[PDB]
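Naming convention: chains lettered A, B, ... in sequence-line order (proteins, then strands); numbering from 1 in each chain.
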Amino acid sequence: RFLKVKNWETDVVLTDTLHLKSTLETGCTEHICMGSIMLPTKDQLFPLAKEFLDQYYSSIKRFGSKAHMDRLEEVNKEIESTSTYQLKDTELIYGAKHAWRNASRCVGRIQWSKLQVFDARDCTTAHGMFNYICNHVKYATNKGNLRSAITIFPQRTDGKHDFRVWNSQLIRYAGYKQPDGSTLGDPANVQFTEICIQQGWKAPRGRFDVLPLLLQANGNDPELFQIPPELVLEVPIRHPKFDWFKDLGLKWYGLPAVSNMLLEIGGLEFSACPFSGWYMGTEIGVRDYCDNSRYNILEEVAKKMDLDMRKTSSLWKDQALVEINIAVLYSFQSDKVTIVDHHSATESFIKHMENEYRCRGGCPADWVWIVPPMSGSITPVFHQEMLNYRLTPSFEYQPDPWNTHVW
Amino acid sequence: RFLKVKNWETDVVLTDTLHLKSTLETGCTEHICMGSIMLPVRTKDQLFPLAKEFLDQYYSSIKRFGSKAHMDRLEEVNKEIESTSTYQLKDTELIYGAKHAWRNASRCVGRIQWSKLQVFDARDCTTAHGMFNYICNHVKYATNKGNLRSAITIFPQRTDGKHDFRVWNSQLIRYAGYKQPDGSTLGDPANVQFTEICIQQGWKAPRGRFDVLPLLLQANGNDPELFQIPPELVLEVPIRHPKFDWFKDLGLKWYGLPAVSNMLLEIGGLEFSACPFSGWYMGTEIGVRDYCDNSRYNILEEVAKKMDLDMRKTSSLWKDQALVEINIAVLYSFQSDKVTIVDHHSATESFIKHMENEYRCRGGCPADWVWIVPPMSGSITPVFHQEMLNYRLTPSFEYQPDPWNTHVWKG
Ligand code: HEM
Ligand code: HEM
Ligand SMILES: Cc1cc(N)nc(CCc2cccc(CCc3cc(C)nc(N)c3)c2)c1
Ligand SMILES: Cc1cc(N)nc(CCc2cccc(CCc3cc(C)nc(N)c3)c2)c1
Ligand SMILES: C[C@H](O)[C@H](O)[C@H]1CNc2nc(N)[nH]c(=O)c2N1
Ligand SMILES: C[C@H](O)[C@H](O)[C@H]1CNc2nc(N)[nH]c(=O)c2N1
Ligand SMILES: [Zn+2]
């Protein structure tokens with residue numbers, strides 16, 4: 001029932017009790033582990049509400065008080081009557097911060113409590129959504145001094161009137177398939193780019209074309225909007241030692257802002273809730289640039305370094321990989337856009353584990369996602385056993401809206 | 001019930017039916033994943049079904065399921081169990097069992113090689129001196145002057161758990177570690193406790209940075225005994241760098257033969273507590289973990305100093321830079337001395353091909369992602385994007401407690 005996690009580098013042992021307050025399902029069984037898999041009513045709503053409010057009122061040290069009990073009745077009277085209910089601003093703020101606190105795949109959670117929450121529940125149109133989003137981007141960007149933030153659109157009702165940001169991130173580059181066979185721009189985004197062009201977008205058909213936002217309010221058909229170029233902070237990528245590196249003509253955006261997740265608080269579902277923080281360097285240098293299925297530039301870089309690419313054993317992919325990542329970090333730092341390296345981010349997470357063990361009884365963590373995609377074992381998270389479990393409030397995946405929505 | 005795994009790089013989907021033959025627990029539940037947890041005498045009653053499952057498997061594999069030779073073998077094992085409480089495997093069953101224990105090792109990226117394994121039957125061994133002789137022969141045959149060959153040596157199975165054969169070393173070949181009064185360590189920090197035991201057993205430690213440890217060997221539940229492996233049998237490789245001439249002056253070397261000697265081999269319910277096996281190294285096992293773990297040789301600071309890296313901010317990636325040059329040095333050194341080694345790109349690519357073939361011919365390939373993905377450059381290797389299902393098949397290799405923790409000393 002009590003569970004131990006050990007660090008094999010420092011010999012330090014923590015005891016987990018938070019997992020008993022666990023609530024959703026992992027995908028695993030005692031027969032088979034699924035840790036490496038990417039995706040595994042009035043009667044339904046009240047327990048969920050009760051569960052959340054109980055945790056809310058406990059955290060402000062007001063458990064079992066008159067203010068607690070009255071709110072429980074108030075939400076109950078509202079469910080039995082309206083088939084749903086509304087969160088107070090305080091509960092909304094608390095729910096969002098805890099969805100992040102509980103995100104077992106996020107290495108940046110040391111920051112969980114400094115989340116700026118923007119309440120967009122009064123939104124009714126896609127033009128309104130666009131306005132809210134532009135304000136979020138500008139506030140979060142903050143001329144390079146990035147600040148975490150989330151904007152929360154109206155909760156799901158009958159599921160026929162969902163708000164959705166069709167973009168998977170607020171700021172992403174287009175992807176175009178060509179007769180050549182190869183891909184121009186970002187291959188992850190080819191399909192969404194087809195939908196933009198098919199809804200009317202005039203594509204510049206270049207390598208780094210910032211996608212338009214595709215916004216759906218109240219279950220209606222979505223609409224296109226171009227984020228003002230002056231709000232999209234981008235960084236050209238150069239190297240501190242390699243002058244030729246600029247001639248690759250690489251750039252990336254300063255703001256990572258995930259816009260396709262569903263935020264679940266007290267059984268209420270927020271289908272549109274873009275959130276943003278700041279990049280860990282490997283996210284761009286390792287995955288975005290170096291994934292076979294993404295910009296896939298390794299081949300091109302190692303060539304410029306005049307390395308022996310005859311045999312895998314010269315570790316030429318690995319040499320190029322490190323320099324690509326040196327450059328990203330350097331470029332951001334020199335243009336003064338917040339960014340964190342994987343050594344620094346993992347060291348912060350470990351300290352954050354310790355705090356959550358001592359202050360909360362544990363910290364849900366998904367080792368497969370916490371360990372950075374390069375140099376894993378020279379970061380302190382590699383040697384750290386972690387327990388993975390699902391708590392609410394939470395962020396969840398949801399189907400791409402284009403498969404679901406009807407025109 | 002069919003289960004699908006996807007490769008997120010190549011879009012290939014595969015279908016596992018093999019997990020249906022799974023026995024032992026994972027540690028995981030519907031409510032908790034234990035995926036990153038490191039370490040998560042039998043009755044007649046329980047022994048015969050285990051014998052039965054195994055013999056059913058063996059006889060299917062040779063296409064003789066339900067034959068007279070199958071039925072008679074079950075009858076014979078049946079009788080042997082009821083009358084003696086245990087049973088003996090035929091040579092064929094032992095060979096097949098040890099290959100399948102390897103085939104089933106879900107944390108092993110080297111499994112493409114599973115069917116080429118030399119098996120040495122040391123079930124006639126009775127004494128520690130007998131064990132030393134078996135182990136020297138294994139070391140010699142496996143080393144093959146650099147052209148390494150996989151081998152396993154199998155000592156007598158457990159009886160009452162009071163007469164166990166054990167090799168106290170965790171690997172047949174490993175370097176001593178010595179804790180100094182000032183708190184620092186000389187040699188390999190991972191082996192300090194074991195070095196201490198050896199010294200107390202009467203080993204005269206030379207006290208250098210790369211002292212090959214002696215074998216501590218327990219036969220038939222007796223107190224263990226010390227033996228020096230003949231040095232001419234210990235193939236070692238001095239570490240140098242193809243471009244960095246100062247690299248040799250770090251004084252590093254490593255041994256060619258990885259040979260795990262602390263696992264328990266389970267076949268059809270029987271437990272072989274001493275069963276050392278060996279293969280050849282993947283370069284990252286020496287260059288990332290052995291040299292560059294903080295709790296091991298920890299030469300990263302020393303190497304980056306000599307490269308003249310900017311070591312004032314982690315964000316220069318000085319650590320990542322040095323780690324790569326060290327791993328380059330390890331691969332270059334083994335290849336130049338003609339000692340078999342595999343780099344992590346080649347190993348993981350091989351493993352991916354193995355895995356696909358296993359799904360097609362066997363209906364699955366249990367695989368532990370936390371362990372299969374290499375400890376450097378994970379995502380530029382094809383295992384990183386590969387979903388994997390982890391489950392436990394027998395025959396299998398299991399952890400067991402260290403014998404100094406359990407052993408009843410006689411004197
Ligand atoms: C402040 C700086 C932040 C850093 C450095 C960071 C870091 C990361 C990284 C590296 C990942 C995995 C990346 C990958 O896809 O390879 C991740 C996942 C995730 N993060 Fe963060 N994060 C930050 C802020 C935030 C914020 C503000 C939120 C929400 C409020 C958040 C919620 C999540 C969630 C839900 C996941 C996993 C989603 C999934 O299941 O795939 N993070 N984080
Ligand atoms: C032939 C060359 C081989 C290579 C390159 C290889 C590679 C590896 C590597 C890199 C690991 C992970 C170890 C670590 O990083 O800590 C491993 C684990 C393992 N290998 Fe192999 N292996 C080989 C042969 C063998 C053989 C011959 C056997 C047994 C007959 C074996 C059985 C195992 C087992 C049981 C584990 C998991 C240990 C555990 O559960 O902790 N492998 N292998
Ligand atoms: C806020 C933030 C900070 C940061 N440093 N990186 C990121 C990008 C990583 C990230 C985080 C959460 C969520 C995602 C994508 C979720 C996602 C992923 C896939 C493959 N399919 C879906 N339907 C949904 C990606 C975001
Ligand atoms: C044959 C072989 C080939 C290779 N390339 N690498 C290795 C080393 C990795 C390896 C493999 C199996 C087993 C171990 C040790 C596991 C181990 C760990 C603990 C704590 N207790 C135990 N009883 C056992 C280590 C071995
Ligand atoms: C805590 C964590 O599970 C532990 O450090 C593991 C992770 N993955 C590993 N993977 C390999 N190949 N070898 C190891 O020793 C470890 N250590
Ligand atoms: C198959 C495997 O689950 C998949 O490659 C995962 C592994 N770890 C990851 N880790 C991070 N941080 N991001 C990812 O997209 C993935 N992909
Ligand atoms: Zn699991």
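No more than 12 heavy atoms of other residues, nucleotides or ligands shown are found within 6.0 angstrom of CD on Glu301(B). Atom OH of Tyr397(A) is surrounded by more than 12 heavy atoms from other residues, nucleotides or ligands within 6.0 Å. Residue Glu300(A) places its CD atom among more than 12 non-hydrogen atoms of other residues, nucleotides or ligands, all under 6.0 Å distant.
At least one donor-acceptor pair under 3.5 Å links the side chain of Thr26(A) to the backbone N or O of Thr29(B). Proximity of a side-chain donor or acceptor of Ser315(B) to a complementary backbone N or O of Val340(A) within less than 3.5 Å is not detected. Without hydrogens or angle criteria, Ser377(B) side chain to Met374(A) main chain gives no donor-acceptor distance under 3.5 Å.
Contact record, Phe384(B) with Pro373(A): CZ-CB, 4.0 Å, taken as the closest heavy-atom pair. Scanning both residues, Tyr389(A) and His31(B), for their nearest heavy atoms gives CB-O, 3.5 Å. Across all non-hydrogen atoms, the minimal contact from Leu315(A) to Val324(B) is CD1-O, 4.1 Å. Nearest heavy-atom pair across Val286(A) and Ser379(B) is CG1-OG, 2.9 Å. Minimum interatomic distance between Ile37(B) and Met386(A) (heavy atoms only, all atoms of both residues): CD1-O, 4.3 Å.
Interface remark: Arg289(B) contributes side-chain atoms only to the contact with chain A (heavy atom separation under 4.5 Å). Interface remark: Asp320(B) contributes backbone and side-chain atoms alike to the contact with chain A (heavy atom separation under 4.5 Å). Heavy atoms closer than 4.5 Å to chain B are found in both the backbone and the side chain of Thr312(A). Only the backbone of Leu24(A) comes within contact range of chain B, with heavy atoms under 4.5 Å apart. In this structure, chain B has no heavy atom under 4.5 Å from any part of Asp366(A). Residue contact with chain B, scored on non-hydrogen atoms closer than 4.5 Å, involves the side chain of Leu321(A) exclusively. Interface remark: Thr23(B) contributes backbone atoms only to the contact with chain A (heavy atom separation under 4.5 Å). The parts of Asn327(B) that come within reach of chain A are both its backbone and its side chain, each placing non-hydrogen atoms under 4.5 angstrom from that chain. Within the 4.5 angstrom heavy-atom criterion, only side-chain atoms of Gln333(A), from C-beta onward, approach chain B.
Taking chain A as the reference chain and counting heavy-atom pairs below 4.5 Å, the highest number among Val373(B), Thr284(B), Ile341(B), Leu331(B) is found for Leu331(B). Note on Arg390(A), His342(A), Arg294(A): by heavy-atom pairs under 4.5 Å with chain B, the leading option is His342(A). Interface summary for chain B: among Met38(A), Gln384(A), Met34(A), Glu347(A), the most heavy-atom pairs under 4.5 angstrom belong to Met38(A). The residue among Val5(B), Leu389(B), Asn294(B), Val370(B) with the most heavy atom pairs within less than 4.5 Å of chain A is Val370(B). If you tally non-hydrogen atom pairs under 4.5 Å between each of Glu9(B), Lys4(B), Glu30(B) and chain A, the highest count goes to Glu30(B). Counting heavy-atom pairs closer than 4.5 Å to chain A, the top residue among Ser36(B), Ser346(B), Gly378(B) is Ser36(B).
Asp343(B) contributes atom CG, which lies 10.0 Å from atom NZ of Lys317(A) (distance to the nearest 0.5 angstrom). The distance from the NE2 atom of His19(A) to the SG atom of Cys33(B) is 13.0 Å, given to the nearest 0.5 Å. Here the OG-OH distance, from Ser314(A) to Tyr332(B), works out to 13.0 Å after rounding to the nearest 0.5 Å. Rounded to the nearest 0.5 Å, atoms CD (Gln319(A)) and CD (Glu325(B)) are 4.5 Å apart. Taking CG of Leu3(B) as the start and CD1 of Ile32(A) as the end, the distance is 5.5 Å to the nearest 0.5 Å.
Screening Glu385(A), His383(A), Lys6(A) against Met38(B) for a side chain to side chain contact (heavy atoms under 4.5 Å, CB included) leaves a single residue, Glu385(A).
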